[PDB]
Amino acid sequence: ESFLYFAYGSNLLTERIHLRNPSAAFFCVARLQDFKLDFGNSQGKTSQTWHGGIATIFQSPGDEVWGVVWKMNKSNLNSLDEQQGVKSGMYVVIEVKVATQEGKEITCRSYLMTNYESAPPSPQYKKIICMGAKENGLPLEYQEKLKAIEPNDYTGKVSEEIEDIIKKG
């Protein structure tokens, strides 16, 4: 009655994933081998939540992506899908096999964009991602990679609830 979800974008942060998925439970940190992290505008349209490119992954031998595996109730499958804009063509549901630090392979649900234009993330979206990576102890090398991502020059605001999270951090 449960499934595992591999998050690599803003759902790295516990407080963020809990906004719409309060019952999500931390499972483990894991590595997705032979994928590269990118940021982009799905269907060439900028996210009005985040005001910059949002996270995606594509297959790239030799690259890697680190994330958090969350344990969720299967009753929340449709809700998670809705949040990711699956019907609107923003993301497609994928299945990935990820490696734990104990050398175990875990099968997870995740999401990626299939039609997008690359574009840098807003400062706020980058910050939330870095906050989640730190909170859940992703490898320091990968945290440094995230910190090195060049943001766009958006100087406006995102939602109050998101801005509050950034301030508390």
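In this text, residue numbers run from 1 along the sequence as written.
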query: Of 98 to 106 and 127 to 135, the one with larger mean CA B-factor; finding: 98 to 106
query: Stretch with the greater mean C-alpha B-factor as recorded in the entry, comparing 63 to 71 against 136 to 144; finding: 136 to 144
query: Top Cα B factor in the deposited entry, candidates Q33, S118, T56, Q43; finding: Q43
query: Third assignment of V158 from its chain's C-alpha B-factors; finding: highest
query: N21 by Cα B-factor - lowest, middle or highest third of the modelled chain; finding: middle
